[PDB]
Amino acid sequence: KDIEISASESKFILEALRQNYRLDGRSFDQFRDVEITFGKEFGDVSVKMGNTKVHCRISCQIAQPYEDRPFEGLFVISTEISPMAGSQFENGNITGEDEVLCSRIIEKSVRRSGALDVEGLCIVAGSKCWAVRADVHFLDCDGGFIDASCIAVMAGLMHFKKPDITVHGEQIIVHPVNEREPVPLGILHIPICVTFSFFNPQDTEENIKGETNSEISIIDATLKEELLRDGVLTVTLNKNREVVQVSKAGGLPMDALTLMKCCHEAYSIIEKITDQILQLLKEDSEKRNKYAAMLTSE
Amino acid sequence: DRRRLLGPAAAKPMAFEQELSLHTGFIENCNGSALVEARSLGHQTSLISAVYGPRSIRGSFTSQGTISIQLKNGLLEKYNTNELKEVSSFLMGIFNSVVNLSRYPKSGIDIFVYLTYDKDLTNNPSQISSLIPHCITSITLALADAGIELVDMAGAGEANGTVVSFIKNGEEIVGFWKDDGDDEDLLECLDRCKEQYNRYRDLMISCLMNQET
Amino acid sequence: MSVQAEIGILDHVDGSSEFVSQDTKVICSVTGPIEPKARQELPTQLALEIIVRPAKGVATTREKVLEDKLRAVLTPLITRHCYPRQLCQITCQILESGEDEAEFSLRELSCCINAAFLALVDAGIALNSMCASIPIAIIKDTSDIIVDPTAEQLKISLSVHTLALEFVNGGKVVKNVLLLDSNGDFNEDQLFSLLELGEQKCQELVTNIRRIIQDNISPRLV
Amino acid sequence: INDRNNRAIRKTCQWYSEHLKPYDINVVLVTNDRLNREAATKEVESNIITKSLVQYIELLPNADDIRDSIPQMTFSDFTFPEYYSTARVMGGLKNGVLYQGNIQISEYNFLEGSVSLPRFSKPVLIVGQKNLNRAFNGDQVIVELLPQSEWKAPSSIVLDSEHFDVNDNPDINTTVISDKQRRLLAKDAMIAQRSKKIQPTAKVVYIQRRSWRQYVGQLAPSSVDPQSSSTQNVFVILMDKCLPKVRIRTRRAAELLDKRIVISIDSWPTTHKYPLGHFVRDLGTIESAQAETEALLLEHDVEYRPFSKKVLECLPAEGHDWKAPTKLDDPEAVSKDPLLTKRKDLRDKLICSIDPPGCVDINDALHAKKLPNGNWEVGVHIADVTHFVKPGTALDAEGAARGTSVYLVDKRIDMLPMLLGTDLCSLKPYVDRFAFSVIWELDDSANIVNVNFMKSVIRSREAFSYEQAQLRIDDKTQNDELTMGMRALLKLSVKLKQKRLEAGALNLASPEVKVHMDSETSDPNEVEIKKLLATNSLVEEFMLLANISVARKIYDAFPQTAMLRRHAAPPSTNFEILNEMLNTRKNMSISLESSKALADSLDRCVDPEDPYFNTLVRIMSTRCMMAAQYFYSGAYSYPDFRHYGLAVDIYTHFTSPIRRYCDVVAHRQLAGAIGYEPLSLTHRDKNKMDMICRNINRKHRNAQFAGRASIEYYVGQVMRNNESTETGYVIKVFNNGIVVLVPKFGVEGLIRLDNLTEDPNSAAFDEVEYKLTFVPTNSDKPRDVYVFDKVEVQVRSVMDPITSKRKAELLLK
Amino acid sequence: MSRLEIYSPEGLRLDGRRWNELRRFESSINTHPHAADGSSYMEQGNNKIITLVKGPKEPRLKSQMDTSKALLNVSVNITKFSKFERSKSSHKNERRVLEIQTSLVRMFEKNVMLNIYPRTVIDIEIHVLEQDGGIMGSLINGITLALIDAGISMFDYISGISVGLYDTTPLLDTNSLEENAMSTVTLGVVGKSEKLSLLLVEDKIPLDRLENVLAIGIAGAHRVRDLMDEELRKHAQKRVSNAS
RNA sequence: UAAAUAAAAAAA
Ligand SMILES: [Mg+2]
């Protein structure tokens, strides 16, 4: 299945980008506002960017660690696409170019980066370990899937609580949420993912050698803008003033200076997003109990 | 596994006079079928062969037929999948001489052989080689029952791990399988398997006559 | 029977909905009629691609059964002969179980049926009639028939039931019983008392459903 | 490979020698290996100057001044014995061969441990790495006695993991040792060789059960590379002194390097000198005040989470609006709660509560009257907790588990939701409260004629701090009926305390220090001392009276399952060390013949020159005493119900139900005894009772420990912050340190030898004379210190050369 | 059991190299004439890579055919004996490998116009015989050489490089030990330009470092590019001499 | 959910 786009659309949107205009009425460095909604259960988070809707669910179960890593727990991230986000996606297509890329971006941003403290997922060394699972559900698509997913996974992990455990060797009674409160998963850092789309002016005249048409670069492109881009760039940054990961495969060849500018622009966005994410975690944490102060011991 | 139900992955499996019975045409799902049961001493083998074809292949320009054979483990998981493929390759090297391929252009014949059971008794203070002549017997029956033209009746025998398949009344050879055993058994195995062939042949011919009648 | 639903929430799909009963929340999407794969093609009728996604983990054989039962309900509902050699993708993403998924799949199935129907309505696909599904259960001591049981009620149940009926004539005439999935063991008197009280609350639901459909859709029309 | 490497070094010397020939600079190879020396002596290839370490030192011009530092004097490295076979175990058990004991590690030597055994009067010692055989303090262990050739007296050296075998580094062969350790080892061995009073020693062959929980510690900076992000094998020093250090492998060595972390032991195999564990979590920085507290509560296994939502439903629907009924015979009230009919109305009485100044959880109130027959009426009222806390509820279940309230310096940890503790059960002033009241009828000589118990509603006339009550009694201006009763209480208090001491009551002492705020509620000003007023005797004596009357009543009603509290007599062995020194030094002794002789001789342990000495000995006697223990009456026979310390035949805890669980049970048993309600079958089942006592003895102990360690922590920071100078008394003398106890805070510390002198190697230790002789730092004169010596002490930040850590250690002024 | 460091105060690394040394580079063109239209055997350090370019040729399935451009396919076979410790399982389906394959495709889709071979297919088969750090950079160089040998038109060279960072200063061309010790950056450089086809960072990297690290890599990649031109031209001179 | 000779007493 190949989507059909009119030649008229391809000429219109491209010309509009040369006039610094876009369909959804945004800027080039602007990122669509992200809305984060938490469900009743911990680990249930819904991320919304304009029309883009993604849902993440964090779950865990008692499991045994690998032989190679007796002190580390298990952690996996699932991002299987479905025709619900659009008929362009094949059901279970986990080997397609865009799918594998997205899967690899998230993995290198959360798993590989060590955003989650897997060492704190161990109950008894080389015997029993917690197995945290992050399931991302792509409900609908209006672009920015990678950005939506990173926010969804991280917000979920920071939301998530795991039943309190008392361990005495090989026997462990997992206290229920009724008996005692659940324990929040450890976090080392908060990675945020930014997606950049590159374009070509296709214009006859440039006013100056000194100042030139250069390259088109926008942030968080919509579905219509994502099909017309000539280049893809994803940079992951945090509030710790460091680059988590950056993935550029082919596309429109760009200077090292341009990448840095995108990287510096993304840093201002990930700062606002991280603080906002923490805020909505703070508002939901205080939200849960109508009578919590009456509840307290210490 | 999201395809089947494998259960808990943290668990572990359990750790601890020649006689023939031939029946064909008992499966209505395919074009030809066969049941072969053999009991010798403490060792017995029961396998089922299913034949589907000849069915037309769209766009096929082959001037002859195409045979595909696959062995399966019905119950006991003993034989390796790698070894099953090897026998399958051996079996196809046999029936490509037996089956009149010129009769089925642009067509293909799929052959499924289910090794539902084999029972082995070993005393304490190869293996699949013994099943091979029974697989050949089953397929040759299932093909003849299906209506597939065979140039000759294919049969074989197992002598000290040396399997050799015969046609044209033992005058020629359509397959040879030798594993381990002992040397200088060339002349002996050729004579012992030739007797097993002739024995398996007459019972195979009689089988068709019986059921066909 | 205080359910709540929304229609047309997804942008890149021909039709969508979000059905919620108690905890149980299911979002559904429908694209069709569209070009089918060769292996899906039906010479005369419409081909249905039905997908069910669980609230936790990946789709297993459990959801494969949810897809099968949901197929038995949606198939006779759709006027399939209107779309020969064509495809209709129907995807259900269960967002919240509302029940112990390790033991039951009752409420998730009923919510998927109601959501799928609503998504088909939104998509504008030819339907022969209307449809509604409710989960029912029976208590261990009291043996009472509880319509729309909670998760806590299911734990202490002796039998669990999924009932989906086909309605015509302004939601007053039961054309047929699309699906009845009873797991457990039964007594005849309880069954018909269940069907009598069940029909009443179902009829009340349709009336409520009609109200919701008109209230949301009328502002769009002229 | 060893010969190649030696040849490599030799090649380097050969190269350097040839390379530096034009500059007339030779090279000297300092090696103790006989292979390199022989290869150079033969002079086969090139000329290389090879000297051994000792041989090289003897070529320095100043041989004398640096000689003394230098030491003078199929192979398998030592290893721990394998755990005994089960067949061997069951064969030994049947033949009488083996016994198992709970190993308590000594508090200043982590390599000395003891195990109590019935056969033996003193604790059987277990000494050294090998004989300890990988045990941890707490572990259930099986021991075997060693031959008498191996028996030892209590060690005369102090030790921890941080300061033993400090060379070794964990990983996931040849071994060497340090000169002080060597010499220290020689001195210790010599001490062992000559000492009289050796004691039974054993060795660990198996462990019945293990005390590995999650623990708290901080990394050894000396095992960590602070600037490397690689994963690292490293050493964790645990917060408990007794525990051996632990080897863990961690990706975050450098990040965790100034964190107070939590770890868990995974194994301790024969072929590893240290246990292996693994990182669990990071509580935050080592200076963090908050994390130390969370750390403290983990080390003590104390719950402090918000009470389970489940618990809340048990709490009354109307929360803070809850009100004692106006009319006890009110019909709506009587339907909502039928037990009310049996409740007495004691409000007309003049009840007051005497509690500590920041006391919000008030357990009890008292009242007085003069009866027309000349006798006095004295009554005691206690929070009616079991009216609100019902058996089998989630609230009872959380309280039973918690077992006790835990009081930290900056925190109070509640057993019960504070709606109960600080509002509805608290005997608040001016508000009608339910209560359990025992009222006596006694004469002017404070002799009990009769005693009664009941469930009642009372109104608190006034809630006092202790001082206000004393002033109102003293002033002589106020002679109202209430004050006249208060003086009557004090007069009878003197009589009761007199008779009790004559009966053989103990008078131990440990008046710990207190802390005060500035105008700000969290800004601290001063450290002071709480003074015992005559009213304090006044509350304690009537609490004692309440508890004794209650124990007799409930043991009467339930002879098999009564909730009681006993206290064993100390063995003479408990007082062996303390008694001998006093007798030797001053020829003055304390008598173990009875508790009265114990109390009287203790009273007479007086130094006229210094008042404090008597308190020093009193606090040191307290340490010796065996643990008092809750028990159910059916577990022992009557003579074993004995409370030694209190010199009464039967005792229990009744007076504090809100803050202890024992009381809750006693309360139910008393309500059972008086026919107010039937006793829950839970407290009539010996097996459930036995499990309850086990738990609450454990929760009681843990709470005492946590209490003390919070005080020690804050006091430790506070003295340093002040720069203040405070006196200390010497209660222990080892070969390499002393232990001082402080009167103001009453907290012991260890001053280590190399924190007492710039030169340890010249120190004299005498084990008969209990004497340490040394040359102080910042001074030149030899100093003698003995046990019982008044000294002066202070705290400052020392950095250890061996341990790269810079903690704030206790020093001698 | 042993322990090791990264960069000594003497400016020496674990293997003996200093902070700015490229490993031994050997390059080889037309190694498999009877197996592919273009072929290259790469030896960059202990890394050993066979690269085969088969095409442009007829697609095996008409379903997969583009009438505007050629279809470019890349399959990387990391053999089970590439490392010191033989891997039990195959690495073919591994998500890490799928990302690598995808990454390489994205890179060269913009580097070959791929508009002059319509209705054809270019299949690139790669066999990694031995691995020792910077395998991604070596994969890039192997494809570029093999493609040129096949006479397939492209706009410019694409050179791949490996970067190692310790403290203040990164180390050029990292091996497995260094890769294990510290985070690395893999750079795809087009021709002699400053434009990157591939920027790959999988581990944590201080933000201050990258600008300087990039500068070192680009300079080193230029040297690598110069060597490649020398490697092919030198071979041509050698081949001509052999002919003579 | 096992099990000790592991700090007396009072109020917190
Ligand atoms: Mg009080």
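The rules we used
- Residues numbered from 1 in each chain as written, not as in the entry; some residues may be left out.
- Chains lettered and ligands numbered in written order.
- Part of a larger assembly, values for the part shown.
- Heavy atoms only, no water.
- Residues with missing side-chain atoms left out of burial classes, pairs and counts.
- UniProt positions renumbered as here; feature names shortened; annotations may be inferred.
- Helix = DSSP H or I, 4+ residues; strand = E, 2+ residues; numbered from the N terminus.
- Expected span 1.5 Å × (residues − 1).
- Buried < 20%, exposed > 50% of the residue type's maximum accessible area, 1.4 Å probe, protein only.
- Contact = heavy atoms within 4.5 Å.
- Patch = residues over 30% accessible without salt bridge, like charges linked within 9 Å, V, L, I, M, F, W, Y side chains within 5 Å.
- Areas by Shrake-Rupley, 256 points an atom, 1.4 Å probe, with all protein chains shown as cover.
- Salt bridge = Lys/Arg side-chain N within 4 Å of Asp/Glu carboxyl O.
- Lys, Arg positive; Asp, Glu negative; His and termini not counted.
- Charge placed at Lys NZ, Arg CZ, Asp CG, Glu CD.
- Pairing = 2+ DSSP bridges.
- Axes fitted to C-alpha atoms, helices over the stretch in contact; angles between N-to-C directions.
- Nonpolar A, V, L, I, M, F, W, Y, C, P; charged D, E, K, R; others polar.
- Near = heavy atom within 4 Å.
- Polar contact = N/O pair within 3.5 Å; in protein donor to acceptor, adjacent residues only side chain to side chain.
- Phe/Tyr/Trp six-rings, centres within 6.5 Å; stacked < 30°, edge-to-face > 60°.

As recorded in the PDB header, X-ray crystallography is the method behind this entry, and the stated resolution is 4.6000 Å.

Chain C is annotated in the PDB entry as Exosome complex component RRP46 from Saccharomyces cerevisiae. Per its UniProt entry, chain C bears the Sequence similarities comment "Belongs to the RNase PH family."

Named according to the PDB entry, chain B is Exosome complex component MTR3 originating from Saccharomyces cerevisiae. The UniProt entry for chain B carries the following text under Sequence similarities: "Belongs to the RNase PH family."

A. Here's a closer look at helix α20 (residues 661-673) of chain D. Residue and element names in this part refer to chain D. When the terminal C-alpha atoms of α20 are compared, their 19 Å separation across 13 residues agrees well with the 18 Å that a helix rising 1.5 Å per residue should span. When you tally the buried positions in α20, you get twelve out of 13 residues, the bulk of the element. For α20, every residue scored as buried is listed here: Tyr661, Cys662, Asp663, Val664, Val665, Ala666, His667, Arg668, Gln669, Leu670, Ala671 and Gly672.

B. Layout of the arrangement of the chains. By contact count, the leading pair among the six pairs of chains in contact is chains A and E. The two units chain B and chain D are non-contacting; their minimal C-alpha-C-alpha distance is 21 Å. Looking at chain C next to chain E, you find no contact at all, with the nearest C-alpha pair sitting 13 Å apart.

C. Focus on the environment of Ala647 of chain D. Residues and elements named next belong to chain D. Tracing the chain through its elements places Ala647 in the loop between β24 (629-632) and α20. Note: C-alpha distance between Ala647 and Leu506 (141 residues apart in sequence) is 7.5 Å. Excluding residues within four positions of it along the chain, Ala647 makes contact with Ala503, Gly504, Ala505, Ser595 and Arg642.

D. Examining a negative patch on the surface more closely. On the surface, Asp182, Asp183, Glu184, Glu188, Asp191 and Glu195 of chain B cluster together to form a negatively charged patch. Classification of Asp191 of chain B by relative accessible area gives partly exposed; the value is 44%.

E. Fine view of the sheet that holds strand β26 (residues 737-741) of chain D. Residue and element names in this part refer to chain D. In spatial order, the strands read β27-β26-β25-β31-β32; together these five strands make up an open sheet with antiparallel pairing. Of all strands in the sheet, those with a lone pairing partner are β27 (748-752) and β32 (808-812), marking the two edges. Adjacent strand axes in the sheet meet at a mean angle of 45 degrees, parallel and antiparallel pairs treated alike. Taken together, the five bridges between β26 and β27 define a ladder with antiparallel strand orientation. Looking at β27, one finds that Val740 is bridged to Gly749. On top of the sheet, helix α19 (residues 613-624) reaches β25 (726-733), β26 and β27; it is set at about 45 degrees to β25, its chief contact.

F. Quick look at the interface of chain A and chain E. On the chain E side, the residues contacting the 33 residues of chain A number 27 residues. Looking at the side of chain A that touches chain E, the elements with two or more residues in it are α2 (97-111), β14 (242-255) and α5 (256-287) of chain A. When residues of the side of chain A that touches chain E are assigned to their parent elements, the largest contribution, 14 residues, is made by β14 of chain A. Class assignment for the residues of the side of chain A that touches chain E results in 13 nonpolar, ten polar and ten charged.

G. Summary view of the protein's contact with RNA strand F. All names here are of chain D. Taken together, 41 residues lie around RNA strand F, and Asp361, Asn363, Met543, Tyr651 and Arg701 are the ones closest in. The share of sugar and phosphate among atoms of RNA strand F within 4 Å of the protein is 66%. Between RNA strand F and the protein, one listed contact pairs a sugar or linking oxygen with a side-chain N or O atom of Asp361 at 2.5 Å. At 2.6 Å from a phosphate oxygen of RNA strand F is found a main-chain nitrogen or oxygen belonging to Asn363. Within the surface near RNA strand F, the residues separate by chemical class into 16 nonpolar, 13 polar and twelve charged.

H. Summary view of the packing of aromatic side chains. Considering all chains together, one arrives at 24 aromatic pairs over all chains under this definition. Residues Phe166 of chain B and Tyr197 of chain B carry aromatic rings whose centres are separated by 6.0 Å and whose planes lie at 40 degrees to one another, so their mutual orientation is tilted. Of this pair, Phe166 of chain B sits in strand β7 (residues 162-167) while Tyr197 of chain B sits in helix α3 (residues 186-212), and the two are 31 residues apart along the sequence. Since its relative accessible area comes to 2%, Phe166 of chain B is described here as buried. With a centroid separation of 6.1 Å and 90 degrees between ring planes, the pair formed by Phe613 of chain D and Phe788 of chain D is classed as edge-to-face. Here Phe788 of chain D lies in the loop between β30 (783-786) and β31 (790-797) and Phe613 of chain D lies in helix α19, a separation of 175 residues in the sequence. Residue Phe788 of chain D is classed as buried on the basis of its relative accessible area, which comes to 13%.

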